[PDB]
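Protein chains in written order, with UniProt numbering: chain A, 1 to 393, 400 to 473; chain E, 1 to 393, 400 to 473; chain B, 1 to 393, 400 to 473. Contents: one structure, followed by commentary.
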Amino acid sequence: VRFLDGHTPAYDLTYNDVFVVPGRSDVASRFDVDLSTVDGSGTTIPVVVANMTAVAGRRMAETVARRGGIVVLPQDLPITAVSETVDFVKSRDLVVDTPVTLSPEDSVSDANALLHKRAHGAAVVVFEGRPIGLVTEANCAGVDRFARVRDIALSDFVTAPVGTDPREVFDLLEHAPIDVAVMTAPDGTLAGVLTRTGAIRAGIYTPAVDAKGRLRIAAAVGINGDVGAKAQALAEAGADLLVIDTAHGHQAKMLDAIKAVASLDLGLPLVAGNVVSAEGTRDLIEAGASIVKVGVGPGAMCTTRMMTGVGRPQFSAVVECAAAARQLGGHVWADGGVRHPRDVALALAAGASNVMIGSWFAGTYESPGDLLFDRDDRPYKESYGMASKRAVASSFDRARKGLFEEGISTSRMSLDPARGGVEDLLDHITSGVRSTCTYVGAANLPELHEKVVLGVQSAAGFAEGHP
Amino acid sequence: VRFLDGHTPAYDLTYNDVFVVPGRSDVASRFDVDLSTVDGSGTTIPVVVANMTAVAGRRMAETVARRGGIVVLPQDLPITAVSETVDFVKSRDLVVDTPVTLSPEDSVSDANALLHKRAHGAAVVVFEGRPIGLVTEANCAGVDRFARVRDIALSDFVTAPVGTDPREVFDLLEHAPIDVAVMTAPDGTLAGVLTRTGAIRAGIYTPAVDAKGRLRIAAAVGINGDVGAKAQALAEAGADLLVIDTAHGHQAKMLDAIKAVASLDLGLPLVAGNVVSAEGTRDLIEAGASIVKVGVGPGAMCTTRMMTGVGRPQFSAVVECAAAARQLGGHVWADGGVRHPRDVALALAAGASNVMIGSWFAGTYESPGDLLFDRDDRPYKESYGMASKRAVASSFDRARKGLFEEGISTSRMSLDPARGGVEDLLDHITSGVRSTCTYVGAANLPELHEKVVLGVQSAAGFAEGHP
Amino acid sequence: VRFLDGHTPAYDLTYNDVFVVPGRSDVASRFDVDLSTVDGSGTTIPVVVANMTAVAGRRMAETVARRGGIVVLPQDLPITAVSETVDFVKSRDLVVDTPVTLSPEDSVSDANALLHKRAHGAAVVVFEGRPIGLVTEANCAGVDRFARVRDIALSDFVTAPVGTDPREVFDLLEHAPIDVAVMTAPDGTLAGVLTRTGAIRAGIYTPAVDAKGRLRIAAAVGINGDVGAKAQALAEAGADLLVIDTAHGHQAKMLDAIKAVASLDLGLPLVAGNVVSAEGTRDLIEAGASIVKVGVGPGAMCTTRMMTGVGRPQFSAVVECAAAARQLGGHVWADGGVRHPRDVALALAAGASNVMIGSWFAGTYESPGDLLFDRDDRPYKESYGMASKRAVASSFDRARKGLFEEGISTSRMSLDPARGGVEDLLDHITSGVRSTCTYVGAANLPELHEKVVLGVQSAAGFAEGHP
Ligand SMILES: Nc1nc2c(ncn2[C@@H]2O[C@H](COP(=O)(O)O)[C@@H](O)[C@H]2O)c(=O)[nH]1
Ligand SMILES: Nc1nc2c(ncn2[C@@H]2O[C@H](COP(=O)(O)O)[C@@H](O)[C@H]2O)c(=O)[nH]1
Ligand SMILES: Nc1nc2c(ncn2[C@@H]2O[C@H](COP(=O)(O)O)[C@@H](O)[C@H]2O)c(=O)[nH]1
Ligand SMILES: Nc1nc2c(ncn2[C@@H]2O[C@H](COP(=O)(O)O)[C@@H](O)[C@H]2O)c(=O)[nH]1
Ligand SMILES: Nc1nc2c(ncn2[C@@H]2O[C@H](COP(=O)(O)O)[C@@H](O)[C@H]2O)c(=O)[nH]1
Ligand SMILES: Nc1nc2c(ncn2[C@@H]2O[C@H](COP(=O)(O)O)[C@@H](O)[C@H]2O)c(=O)[nH]1
């Protein structure tokens, strides 16, 4: 990638150590740039939710797929749950979000705990398939925790049929006391709930769909055990994309797994990682992988940097691997070390065909975890590492292996008190990437890579601007 | 610009990463150097107040214009208010500051809130155009908040006619209980209020005036909409200098706006920004701009560095753009990243024809904002970013554009408990620049640029000295 | 008064040391008892606002007079202000409260400070005598403190003509976003503002009015100086009731003042105090006083107990003086030591024809003081003692008298965060007195005195019940 004159630092650079120099721009507005990825994963935004059990669930899968990004299901997961999640996601409206359906016999405690499963802020009490009420934080508060939800003073909702343009439902919700509105099927059954900002987003983002027009989804497999059988069963389960993940993506087991999956000829794009070296990417590409995950160590839950000293600063690894893959025709997914939208913008600028968010999305409403509360009542969630799920594998043998195994690290990802949903994190990331495109003057991601110029900055250079 | 031998860092440098090496000096004192700018903006000190609605007002405009610096009025402002502000500023005494005029029927609360509008520390109660009393924090305290100001125990004031030299009013205020003194017109009407330190400053600073001897003022326009009509109407409104500001100053819209304004042949100097590249400055100069604003990202209210990764360390961008502009004959205004007078001194040293302060001046008495108080009772003010006012542009369209728009960032700029007025910040900045001139040994700003030698310093190098 | 068998304590009892034993009751509800006073002061509730400059103002006067209680104007007040206040009060609607009238040219700071003058929670912006807008804490917040009130985003109000029954305006305000409603004169000019709870209270309370149907008001004079001339001028000023107040109501100066006022034959009822002895009440009654204030020392602002050791527990003094006055046909006002409605109920039970609240009402919205805020942002107000205004009287003489004079004590009366208005304190007091009537079984205040039975309780007896 192009660098400023005289910029040959004697160290690998991270995201905080680099910056983008704006160039001559012809892109008028942020909406004039398209974020469609070229990697073949079919994501209209360069965002992938990581294959972490704390960040990858059915709700996040459907939400991000509707917003145009693919979601990788966590590895080492019972294929029954995988099939259930895939069937759930593929049966979702391309525009309307699936609400928190509440049976009239549910308790107040269950309703209150479920209200935070989604970012809508309200839950639908539905009887016999017909929506009969709405609950929120207001009517639920004060009443007894174990009273039935049929006696929670159900509020009135704005009902509209499925197929009305986002304009009409938007103006319908201009003065609505409750932001959400129930999209009902023509027969009268509830089909979903659409929000004011959801109506806004329905036009900006184009949902990522497969050849059959269903929300794309992905799943991950390890290398321990029969990789071929697991990958084949995953492909038959309906997963659009297969991701083979391990702590070290340059070992012979990784190459054998990629070779087996490629020989299976499943037709789905191939994703392997992680390698932070050009030779590792070359080996993975020659092994039969179309997409290469890059980054071992920058992950916010990754510990190997402190325990082993291995790793690489994310930006330099991403740019070198992207150069290698583009030399061999392959494509690159940056993984780990993403905490600000500048990280996404720089990862795409370095040459990566896509970026993968990880534990940042764990601090969202839709992450498959428990929304706990701290002492100061600030919302947050616990993010865990994959640990043995990303590692190559009687009571004695189990405990002996577990003694030397890296512990499951835990972190507290705080929720935004106002913009807590993953919708708003995606909005921030996409706005940052669009602004980067406008500053560079690129109409698309390949043009972003081609026309970006990057400079090096010191520690004090990062202090410039408002945090 | 000249650098120390062996100093070729592989990264763009910010203000904290550079230092000035003193050379052989013939300038005896700080008062022996003149800070007159060469850019044609006619500012006798190298200080410009930014085109921010939280830092650019009529009071700051008149104060800084009297002290020798130009003020850029915020963009996207009703031309009626622009004309009112320009007429107010052009009708100000070149020596005497306009006080807080208080009608006798004003309440105690209004008087107390108005007392902090200016740095004088006292407000003038004037009846029928004749000054009849003075109020301050002492007599106002304790009395009922809604009692009339005619019953606030008005104090006695030192009255002097307009035209007395600062020497005489200075010695008149040597033992005065109230620091301020009322300069009255020959007919007896109140013309202004002059302070002890104001008398001191009346000789050190030479006010910036136009060809008609009136306090210079500037105004800003965006690129969205008809730039030519807005610029022409601004020129007819009486603005001395036109500033065309946008988030990205290298886009085609910027060039078209500069071309239109230059074709208008208004005669005022042309200011465009922001570009942090030599090619951007070349394009702006060829587009018909005499002065180029440089710096996108270092701004204390700017967020694009964290959201998009775009930007550049301020010092390297300023020096490169200054070199380019001086190659093409243009002149440079550094913008953003100014928090200490060393930043101003380094910006002028890098080659910029002027520096623009920004949110630092928002924490002053004269900034067009509300002087709020924190829990610890330390005075402070809220500084906001321009956001869409610096960005290129039905309810649906409005909300859709606002969803992706960067939020209006807010910061708390604390007031100096003693030297809170913008007069004292200007004193600090000018003292720092004069000391830099003496250390370099330069009699003027062009000599500052010519004879300055700059070295590179590490993180621990910045720790040297008293903070 | 009747006491329980065997209750002959060897100490004077205060309110905390006594309790009422309920008897056989025929009063069904609290609304079945009338609180009309027999003293001739014409107050329909047994509440009098004290002659304290921190608790007695025009707003409190009109409010309490509309609610059925008389207000004594503070002594040592310029008769011009007395006449202005009396004319203001006598020109008030018997049902509608006078709102915070706001001229369109007032500032935001003035509007915000004025909003807390009344308990309505909203202020009326009126132009040319016609109401044009409403302001509250919501629209006022966030906007600049010195912006004009014509640009404070005036809200819509419910307008009704004067004369509509409280039922109609009550149902009109059932779903109103703003609790208050503007009662307008038939010509369209604004006549007042009536609230939802104000509509509720318009039927429960019967306003205290004179023979001409105007809100009754009272004023106070001291004993120093010509008492006769001051009392006569006060009577001509329109004051319905005259109160002669001093620290010691048994001195010869008190008797001479009462004799002079009685010889004036002004026709208004006579109020003198304070005496806590039967002989003092006898002397005051024989001096030509119809009503006797009792209580010197129990006052929450009174200091003489700690400085001099003089005083008396309020309950025993009140009962003894009431017995003496009823023996001579006079009537009694308890003064001081009122902090809970039980104090009012016990004062009326002891035999006092009325009770006088004092500094408790100083912590209200309508008290003539400044609503200050503490560090924890809890609303409160400063209550001051009368000091020399209740004491018998060159720079040397002034300072010599002031050296030995008791200092003006200050106390912090906290505002109720929800029920801060004096309307709600009056509601609490009246509810307590009505409940006491029901528990005793009395249909009126004379029956309360006749049929009440009081017992003595120890320190631990006061701990019973919820505080
Ligand atoms: N009643 C009800 N429970 C729900 C709904 N959505 C999620 N849940 C709860 O959440 C569980 C799954 O959590 P998830 O893996 O989706 O975060 C379900 O088994 C169920 O207990 C809903 O719409 N209604
Ligand atoms: N070595 C290691 N890497 C992990 C673990 N958990 C997650 N990761 C890596 O870190 C990524 C997420 O980090 P993030 O992008 O949130 O900073 C995952 O996609 C995966 O590549 C773990 O327990 N160990
Ligand atoms: N009465 C009075 N108000 C003033 C004076 N200077 C500023 N103000 C207030 O401040 C407002 C403008 O604030 P600025 O934009 O000057 O910071 C005016 O509309 C007025 O309310 C003055 O001398 N007298
Ligand atoms: N991108 C961006 N730049 C801003 C915004 N507000 C101010 N700026 C820039 O930052 C400068 C002030 O920053 P300062 O000099 O106070 O650090 C302004 O003159 C302008 O160039 C904003 O909202 N967004
Ligand atoms: N503009 C305005 N000021 C009021 C109003 N009511 C009270 N005030 C203010 O309050 C002062 C008197 O306070 P008070 O003695 O009534 O508590 C008045 O002189 C005036 O400053 C009102 O309706 N409008
Ligand atoms: N001795 C004395 N009594 C006072 C003073 N201020 C108020 N009082 C008395 O205390 C009463 C109010 O007390 P409260 O009823 O609020 O406890 C007044 O009506 C008056 O009788 C003062 O400064 N000194």
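Each residue gets a CB set at the ideal place from its N, CA and C atoms; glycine is no exception.
Query                                                                                                                                                                                         : Result
Please report the distance separating the alpha-carbon of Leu13/B from that of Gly438/B.                                                                                                      : 21 Å
Taking C-alpha atoms, which residue in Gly461/E, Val462/E, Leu270/E, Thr442/E lies nearest to residue 490/E?                                                                                  : It is not possible to answer for residue 490/E, since the shown part of chain E is limited to 1 through 473.
In the DSSP output, which residue or residues are listed as bridge partners for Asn224/A?                                                                                                     : Per DSSP, none; premise fails for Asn224/A.
Using 8 Å as the limit for Cβ to Cβ distance, is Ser388/B near chain E?                                                                                                                       : no
How far does the alpha helix (DSSP H) with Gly203/B in it extend, from its first residue to its last?                                                                                         : 196-204
Taking 8 Å as the threshold (beta carbon to beta carbon), is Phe361/E in contact with chain A?                                                                                                : no
Using CA coordinates, which residue listed in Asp433/A, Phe410/A, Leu372/A, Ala448/A is at the minimum distance from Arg418/A?                                                                : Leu372/A
Put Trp333/E into one of helix, strand or coil per three-state DSSP.                                                                                                                          : strand
Does the distance from the CB of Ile217/A to the CB of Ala65/A come in under 8 Å?                                                                                                             : yes
Quick one, are the C-beta atoms of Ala362/B and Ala347/B less than 8 Å apart?                                                                                                                 : no
Is it buried or exposed, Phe410/A, if we count other Cβ atoms within 10 angstroms and call 16 or more buried?                                                                                 : exposed
Kindly identify the DSSP beta-bridge partner or partners of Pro9/A.                                                                                                                           : DSSP lists no partner for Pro9/A.
If we count Cβ pairs, one from each stretch, closer than 8 Å, do we get three or more for the stretch 306-319 of chain B versus the stretch 252-268 of chain B?                               : no
Could you tell me whether the stretch 176-186 of chain E touches the stretch 130-140 of chain E, where touching means 3 or more Cβ pairs closer than 8 Å?                                     : yes
According to DSSP, simplified to helix, strand and coil, what is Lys457/A?                                                                                                                    : helix
Taking 6 Å as the limit between beta carbons, can you name the residues of its chain near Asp76/B, skipping five residues before and five after?                                              : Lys389
Listed from N- to C-terminal order along the chain, which residues in the stretch 132-155 of chain E have their beta-carbon within a distance smaller than 9 Å of any beta-carbon of chain B? : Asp144, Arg145, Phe146
With distances taken from CA atoms, which of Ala138/A, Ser420/A, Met356/A is nearest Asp377/A?                                                                                                : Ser420/A
Got a sec: does ligand 5 put a non-hydrogen atom nearer than 7 Å to the Cβ of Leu194/B?                                                                                                       : no
Whole beta strand (DSSP E) runs in the UniProt domain "CBS 1" (95-152) of chain B with 3 or more residues, listed along the chain?                                                            : 123-127, 130-135
Any C-beta of chain E within less than 8 Å: which residues of the stretch 99-115 of chain B qualify?                                                                                          : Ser107, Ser109, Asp110, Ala113, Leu114
Alpha carbon to alpha carbon, how far is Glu279/E from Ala322/E?                                                                                                                              : 12 Å
Cutting at 7 Å between CB atoms, please list the residues of its own chain near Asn51/B, excluding the five before and the five after it.                                                     : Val72, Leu73, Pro74, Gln75, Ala220, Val243, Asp245
Around ligand 3, which residues pass a check of Cβ closer than 7 Å to any of its heavy atoms?                                                                                                 : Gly57/E, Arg58/E, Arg59/E, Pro99/E, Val100/E, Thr101/E, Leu102/E, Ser103/E, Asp106/E, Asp110/E, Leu114/E, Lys117/E, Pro368/E, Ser107/B, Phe146/B
Cα separation between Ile70/B and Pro46/B?                                                                                                                                                    : 9 Å
Counting only beta-carbon separations shorter than 8 Å, does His120/A have a partner in chain E?                                                                                              : no
Does the beta carbon of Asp370/B sit closer than 8 Å to a beta carbon anywhere in chain E?                                                                                                    : yes
Rounded to the nearest angstrom, what separates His248/A and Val21/E at their Cα positions?                                                                                                   : 50 Å
Could you spell out the range, first to last residue, of the alpha helix (DSSP H) harbouring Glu279/E?                                                                                        : 278-286
Does DSSP put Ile244/A in a helix, a strand or coil?                                                                                                                                          : strand
The beta strand (DSSP E) that contains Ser420/A, what's its start and end?                                                                                                                    : 416-420
Can you give me the start and stop residues for the beta strand (DSSP E) that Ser383/A sits inside?                                                                                           : 379-384
Beta strand (DSSP E) containing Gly438/A: first to last residue?                                                                                                                              : Segment 428-446 is the alpha helix (DSSP H) holding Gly438/A; no beta strand (DSSP E) there.
Drop a sphere of 10 angstroms on the beta-carbon of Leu4/B, count the other beta-carbons inside from all chains shown, and report buried for 16 or more, exposed for fewer.                   : exposed
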